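Just below is one structure, and these are the notes that go with it.
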Amino acid sequence: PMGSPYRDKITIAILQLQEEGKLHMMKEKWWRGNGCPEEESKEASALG
Amino acid sequence: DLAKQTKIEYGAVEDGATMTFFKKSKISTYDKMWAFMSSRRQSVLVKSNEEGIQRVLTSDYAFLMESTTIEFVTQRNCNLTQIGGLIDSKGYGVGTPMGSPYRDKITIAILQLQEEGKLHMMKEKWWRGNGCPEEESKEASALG
Amino acid sequence: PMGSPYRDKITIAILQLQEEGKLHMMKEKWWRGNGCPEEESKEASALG
Amino acid sequence: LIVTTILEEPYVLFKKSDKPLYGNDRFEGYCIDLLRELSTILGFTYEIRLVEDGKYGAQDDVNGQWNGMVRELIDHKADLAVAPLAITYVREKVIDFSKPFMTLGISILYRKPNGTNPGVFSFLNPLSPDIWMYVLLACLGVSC
Amino acid sequence: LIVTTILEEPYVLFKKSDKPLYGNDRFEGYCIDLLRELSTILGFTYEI
Amino acid sequence: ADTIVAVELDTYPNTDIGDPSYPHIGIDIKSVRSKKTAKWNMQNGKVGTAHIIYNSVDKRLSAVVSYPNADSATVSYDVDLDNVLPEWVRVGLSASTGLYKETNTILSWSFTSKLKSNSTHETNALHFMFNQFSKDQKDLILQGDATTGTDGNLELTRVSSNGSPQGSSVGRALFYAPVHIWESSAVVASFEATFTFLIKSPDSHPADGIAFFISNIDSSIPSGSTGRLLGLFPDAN
Amino acid sequence: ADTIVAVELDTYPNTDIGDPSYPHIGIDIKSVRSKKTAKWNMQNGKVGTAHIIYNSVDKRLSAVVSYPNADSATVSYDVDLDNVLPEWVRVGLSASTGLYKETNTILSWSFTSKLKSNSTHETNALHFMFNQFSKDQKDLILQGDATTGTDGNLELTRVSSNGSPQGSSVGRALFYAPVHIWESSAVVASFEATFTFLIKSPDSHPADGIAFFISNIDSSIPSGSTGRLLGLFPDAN
Ligand SMILES: *[C@@H]1O[C@H](CO)[C@@H](O[C@@H]2O[C@H](CO)[C@@H](O[C@@H]3O[C@H](CO[C@H]4O[C@H](CO)[C@@H](O)[C@H](O)[C@@H]4O[C@@H]4O[C@H](CO)[C@@H](O)[C@H](O)[C@H]4NC(C)=O)[C@@H](O)[C@H](O[C@H]4O[C@H](CO)[C@@H](O)[C@H](O)[C@@H]4O[C@@H]4O[C@H](CO)[C@@H](O)[C@H](O)[C@H]4NC(C)=O)[C@@H]3O)[C@H](O)[C@H]2NC(C)=O)[C@H](O)[C@H]1NC(C)=O
Ligand SMILES: *[C@@H]1O[C@H](CO)[C@@H](O[C@@H]2O[C@H](CO)[C@@H](O[C@@H]3O[C@H](CO[C@H]4O[C@H](CO)[C@@H](O)[C@H](O)[C@@H]4O[C@@H]4O[C@H](CO)[C@@H](O[C@@H]5O[C@H](CO)[C@H](O)[C@H](O)[C@H]5O)[C@H](O)[C@H]4NC(C)=O)[C@@H](O)[C@H](O[C@H]4O[C@H](CO)[C@@H](O)[C@H](O)[C@@H]4O)[C@@H]3O)[C@H](O)[C@H]2NC(C)=O)[C@H](O)[C@H]1NC(C)=O
Ligand SMILES: CCCCCCCC/C=C/CCCCCCCC(=O)O[C@@H](COC(=O)CCCCCCCCCCCCCCC)COP(=O)([O-])OCC[N+](C)(C)C
Ligand SMILES: CCCCCCCC/C=C/CCCCCCCC(=O)O[C@@H](COC(=O)CCCCCCCCCCCCCCC)COP(=O)([O-])OCC[N+](C)(C)C
Ligand SMILES: CC(C)CCC[C@@H](C)[C@H]1CC[C@H]2[C@@H]3CC=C4C[C@@H](O)CC[C@]4(C)[C@H]3CC[C@]12C
Ligand SMILES: N[C@@H](CCC(=O)O)C(=O)O
Ligand SMILES: [Ca+2]
Ligand SMILES: [Ca+2]
Ligand SMILES: [Zn+2]
Ligand SMILES: [Zn+2]
């Protein structure tokens with residue numbers, strides 16, 4: 769809210785998590801899903 | 673990769689936030705770099721970023737630094753590049769003293785400059801890409 | 769030594785570390801060195 | 433106000449002019465042109481001053497004190513820190529940052545390896561230079 | 433809790449630096465990192 | 001940067017930055033771009049006998065370097081240390097190596113100043129005669145990667161892999177006590193030295209040179225001085 | 001308590017702590033209770049000439065003081081400097097007063113040690129000759145309330161109250177650099193001194209004596225020394 773005693777406590781706390789890397793660990797925990805098998809997965813090409 | 677070869681010297685800038693990240697890190701790869709860099713602490717830790725540029729141009733040195741200054745170097749020197757991805761994410765804050773009335777008024781005035789593109793029109797001006805061979809664009813390689 | 773009050777304290781303690789995986793984390797911290805570039809690194813073969 | 437800063441290309445750098453540059457005239461770059469626009473919005477008067485010790489800011493962890501622009505802010509010598517002063521965990525505890533005007537990332541500056549071109553006698557490469565003689569001595573031999 | 437150890441890489445080895453170190457911090461390797469973890473869980477001083 | 005004046009016994013030819021085409025003696029005034037140079041024979045691991053005077057009644061800064069059965073390297077440049085070097089200074093030795101190998105072993109070092117209360121009013125001194133550099137010599141502020149002891153020697157290198165002198169290493173040997181100079185009580189202090197050294201060949205075409213500086217009372221190894229900058233200068237101009 | 005060996009030129013009888021009924025030159029081995037004393041004449045504002053040696057060819061720790069047209073007080077006590085005083089020292093001057101005032105102006109000071117690198121082979125030295133104490137003499141670690149400058153003088157009292165030097169004042173004048181002694185390369189370290197003082201008559205029974213010590217490398221004013229403790233002792237033992 770408009771002036772809170774919990775902004776600066778979290779502002780320091782978010783900076784701790786990306787220093788430890790846990791904001792990157794939780795990033796790779798949810799956004800990483802199936803690899804979405806790429807366009808370079810030809811494996812066969814009968815010329816048509 | 674870069675933590676596991678002592679063939680290439682690598683350091684950072686002294687009194688800076690790059691080596692402060694490695695000084696306080698506890699993950700195995702980045703502490704291994706700080707286990708490397710703490711030994712030859714004078715040999716690899718250069719004084720400013722400009723000496724961090726120049727000792728890559730001369731020696732077999734790989735300099736750890738920020739992305740937004742690599743964006744200005746590699747658009748000027750077309751033999752240097754950004755090896756690897758972003759290690760972490762940080763930002764440039766307009767620093768104010770502890771408990772200031774100008775913290776919030778600049779917090780307004782940065783967001784106002786960002787929604788109307790002023791913080792992008794200035795970055796396009798002062799980084800001035802200049803033309804540079806970007807890549808061979810690794811693909812099929814039609815014989816000239 | 770031949771009968772110690774510190775065997776069983778470590779016997780439980782070693783089992784904690786491989787459950788957490790730190791015996792594997794310290795394994796990959798020291799035995800992993802340079803990749804020793806493999807025999808499948810041909811890159812050129814002029815026929816002689 | 434008194435705005436501390438530091439030379440770092442292309443953020444803050446001296447302006448190229450022959451005249452006896454006065455006050456704020458000698459400075460040009462990104463971060464002062466940021467502060468040229470922050471001064472129009474908030475309606476104040478900045479007055480650029482360098483950092484004295486020439487560092488950014490770091491904890492000397494012997495006396496537990498600070499250097500650089502961070503020490504310039506805690507002692508209230510200069511009111512802003514419009515600079516490439518990054519946002520880290522150990523700096524936010526002692527001074528107050530604004531929101532970022534730029535997003536960073538730590539990475540590696542290193543030389544591009546030189547891609548020596550496959551010069552115009554490239555098609556002789558798939559056989560060794562003694563085998564091309566052995567074929568030539570064959571068609572000079574078998575024909576005889 | 434006197435710990436008798438014998439120098440073999442990469443298990444224990446001397447920590448190289450500019451300034452010479454003195455005591456338990458002279459040593460590094462796998463078995464030093466193991467004995468730190470045993471001293472963290474159980475809780476005991478150790479003299480190499 | 002610290003204002004620093006040295007007498008470089010440089011061994012790497014740098015026609016880039018003003019070192020001549022040969023291994024030389026050189027005399028530096030606040031710049032690695034020297035003032036005078038002279039040819040020096042540069043024999044292998046042998047003894048040393050170098051010497052520096054600066055008598056302000058003659059205002060030359062002469063020097064010689066002598067092996068046995070060799071010749072003197074007279075590099076006397078006319079410079080006045082009135083205005084080019086601070087009031088209270090800190091003398092000492094500087095050595096370096098980089099991308100090559102060479103030995104930087106000092107075996108003895110001395111000094112003698114005599115500075116003018118009112119010229120015949122019993123001039124001061126700071127004479128010392130370190131022939132026997134010991135293990136825990138605590139009147140030296142040896143910086144860099146410089147060591148001492150293990151013999152009567154001053155080993156200004158990371159050394160002792162059969163002495164193979166471990167390239168890209170910088171060593172300094174700052175003496176502890178200051179010396180009044182500027183002029184101010186005028187500057188007739190004929191400060192002598194003796195700079196016995198042993199530059200042994202590692203069979204490597206050995207080249208990065210030893211120095212003898214006169215720095216400010218506060219110094220360090222500035223921002224990388226391993227190499228052609230030769231242990232003390234920050235900048236190559 | 002720091003280990004310290006001094007030569008008290010005590011200008012005040014201290015009968016409670018072993019100083020004799022007469023003002024005296026003394027000698028100290030970790031004790032304000034002196035080993036050996038001798039009668040000193042203690043003239044008014046005049047000058048100076050003191051001299052202290054210890055040659056281990058004779059192992060006598062001697063000290064002499066002479067005004068011009070006065071005698072000499074040989075107070076030589078054989079003491080073994082092997083074990084009574086550490087390897088590395090920090091020599092200097094010490095002076096104090098208390099409840100009686102006196103001027104303790106030193107106006108020149110020297111020192112000359114010579115310790116056996118290998119007895120013939122070019123022993124070490126630390127010769128200096130401070131005849132010209134400056135206003136900003138930055139090779140003195142002058143402690144306490146010692147002053148300097150404003151003339152060629154070393155004023156080891158809070159002075160310039162018309163030369164009535166503000167009683168219960170104390171000021172030490174430690175030299176900046178350490179000296180090798182203990183034995184280790186045995187103990188012929190014939191340290192010399194020359195200690196030209198000035199003790200002005202305050203018309204107030206001039207009193208509390210000047211010293212010349214050889215202390216530990218770390219030192220300060222011990223626990224308050226304005227008086228009988230003479231500037232350098234914590235206790236009266
Ligand atoms: C019995 O009743 C006592 C009541 O007097 C009582 O009090 C006192 O107790 C303290 C211990 O707690 C102890 O004090 C000593 O007194 C010494 C002599 O008195 C001097 O000085 C005192 C100042 O302390 C003055 O108050 C006196 O009047 C007298 O000095 C006069 O001073 C003026 C100055 O303007 C002169 O003009 C006068 O001419 C002079 N009159 C005289 C000399 O008759 C005192 O000196 C002791 O001080 C010592 O340390 C000080 C620190 O540097 C220096 O002053 C100096 O070093 C002193 O050393 C003594 O100095 C004497 C010269 O004054 C010399 O004999 C020697 O150099 C040295 N003495 C010795 C023996 O070595 C100290 O303060 C006394 O016990 C006592 N004071 C007395 C008697 O004055 C007692 O506790 C009661 N009980 C008992 C059991 O006695
Ligand atoms: C992109 O394109 C550039 C093209 O330039 C390429 O980058 C180049 O990489 C080169 C790496 O070699 C670098 O080379 C310069 O070499 C010359 C040649 O002289 C010697 O210089 C050094 C030693 O003095 C060595 O690094 C050189 O390799 C060469 O010496 C040989 O070194 C052998 C190993 O030490 C040695 O074997 C033993 O050595 C000892 C000691 O020397 C004894 O001799 C012993 O008996 C030997 O057994 C060889 O004998 C030795 N041979 C000779 C003839 O000496 C040189 O000019 C330079 O180094 C000198 O100059 C610098 C200038 O400051 C000075 O500081 C040094 O101390 C040294 O005196 C270089 O090393 C090129 O500079 C560099 N180019 C650029 C622009 O950076 C890249 O490879 C390309 N990228 C790709 C392909 O991806
Ligand atoms: C199946 C048919 C067999 C025929 C038998 C006869 C074969 C006899 C051949 C014998 C040897 C010939 C090749 C030499 C070896 C090549 C490797 C090399 O290092 O050379 C190099 C130097 O460039 C040269 O010098 C190449 C030689 C030029 C002559 C080629 C004549 C064509 C063959 C005659 C045919 C005529 C018709 C035949 C009869 C009707 C080439 O490589 P590069 O590209 O320069 O790399 C450097 C580039 N860079 C500097 C930028 C980095
Ligand atoms: C019966 C049996 C026979 C009897 C024995 C007889 C004795 C014969 C024994 C021979 C022994 C072998 C000696 C030669 C070795 C060469 C290999 C080498 O490394 O050098 C180089 C060869 O590159 C060339 O330059 C080749 C010459 C041009 C090619 C054209 C020749 C044929 C043309 C068409 C033929 C028409 C066919 C018509 C058919 C009817 C490669 O290295 P490089 O980097 O390029 O070096 C550059 C050198 N240069 C600077 C000078 C250029
Ligand atoms: C018909 C004639 C003219 C053809 C050319 C000459 C022939 C006979 C000669 C020239 C060089 C010779 C080769 C030289 C080297 C080797 C490697 C050895 O481990 C096996 C034999 C082998 C593989 C030889 C086989 C025969 C060879 C190819
Ligand atoms: N410019 C950074 C330091 C250098 C870096 O972290 O790359 C800062 O001021 O925090
Ligand atoms: Ca050189
Ligand atoms: Ca006394
Ligand atoms: Zn040179
Ligand atoms: Zn006494």
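Residue numbers (full-length UniProt numbering), protein chains in the order written: chain A, 769 to 816; chain D, 673 to 816; chain X, 769 to 816; chain F, 433 to 576; chain U, 433 to 480; chain B, 1 to 237; chain R, 1 to 237. Backbone N, C-alpha and C define an ideal beta-carbon position, used for all residues, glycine too.
Here D/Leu785 has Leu791 as same chain residues with Cβ atoms under 7 Å from its own Cβ, once five neighbours each way along the sequence are excluded. Here R/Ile4 has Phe213, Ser215, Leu232 as same chain residues with Cβ atoms under 6 Å from its own Cβ, once five neighbours each way along the sequence are excluded. In the DSSP assignment, A/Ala814 falls outside any beta strand (DSSP E) and carries neither an H nor an E.
In this structure, the beta-carbon distance from R/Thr157 to R/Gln143 does not fall below 9 Å. Counting the other Cβ atoms within 10 Å of the Cβ of R/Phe111 gives 16 or more, which makes it buried.
Checking the DSSP bridge columns, you'll see B/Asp28 partnered with B/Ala6. Around the Cβ of R/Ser219, a 10 Å sphere holds 16 or more other Cβ atoms; the residue is buried. Rounded to whole angstroms, the gap between the alpha carbons of D/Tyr764 and F/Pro532 is 5 Å.
Contact annotation: in the segment 203-226 of chain B, residues whose CB is within less than 7 Å of a CB in chain D are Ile221, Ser223, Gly224. In the DSSP assignment, A/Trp798 falls within the unbroken alpha helix (DSSP H) covering 790-798. At a beta-carbon threshold of 7 Å, the residues of chain B lying near D/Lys719 are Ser223, ordered along the chain.
Ranked by Cα distance from B/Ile221, the first of D/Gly688, D/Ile755, D/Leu717 is D/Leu717.
The beta carbon of D/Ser761 sits closer than 9 Å to some beta carbon of chain A. Below the 9 Å Cβ cutoff, chain A contributes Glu787 as neighbours of D/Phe693, in chain order. For D/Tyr774, the three-state secondary structure derived from DSSP is helix. For F/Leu482, there is no enclosing alpha helix (DSSP H); the enclosing beta strand (DSSP E) covers residues 480-482. The beta carbon of D/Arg748 sits no closer than 9 Å to any beta carbon of chain U. A check of alpha carbon separations from F/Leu433 across D/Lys795, D/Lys695, D/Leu758, D/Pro769 identifies D/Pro769 as the nearest. Closer than 7 Å at the C-beta level to chain X, one finds these residues of the segment 545-560 of chain F: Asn557, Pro558, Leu559, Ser560. Against F/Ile519, chain X offers no close residue; the least beta-carbon distance is about 30 Å (beta-carbon pairs closer than 7 Å). At a threshold of 8 Å, R/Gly227 does not count as near ligand 10, since its beta carbon sits no closer than that to any of the ligand's heavy atoms. The CB of D/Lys696 comes closer than 8 Å to the CB of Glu787 in chain A, given here in chain order. The alpha-carbon separation between R/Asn124 and X/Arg775 amounts to approximately 59 Å. Secondary structure of D/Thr741 (DSSP, three-state): helix. According to DSSP, F/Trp498 shares a beta bridge with F/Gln491. Between R/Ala70 and the set R/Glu87, R/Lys101, R/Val47, R/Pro202, the nearest pair of CA atoms involves R/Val47. R/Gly171 has its Cβ no nearer than 8 Å to any heavy atom of ligand 9.
As DSSP reads the structure, B/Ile53 sits in a beta bridge with B/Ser62. Residues of chain U whose Cβ lies closer than 8 Å to the Cβ of D/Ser711 are, in chain order, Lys448, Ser449, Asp450.
Within the segment 94-140 of chain R, complete beta strand (DSSP E) segments of at least 3 residues are found at 109-112, 128-130, given in chain order. Residues of chain F with a Cβ closer than 8 Å to the Cβ of D/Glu808 are, in chain order, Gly547. By the C-beta density criterion, B/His180 is buried, having at least 16 other C-beta atoms within 10 angstroms. Against chain R, the CB of B/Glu8 has no partner CB under 9 Å away; the residue lies outside that interface.
Distance between D/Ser720 and B/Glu87, taken at the CA atoms: about 30 Å. A Cβ-Cβ contact shorter than 9 Å links U/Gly461 with U/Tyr443. With a contact defined as Cβ atoms closer than 8 Å, R/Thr148 and R/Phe133 qualify at about 6 Å.
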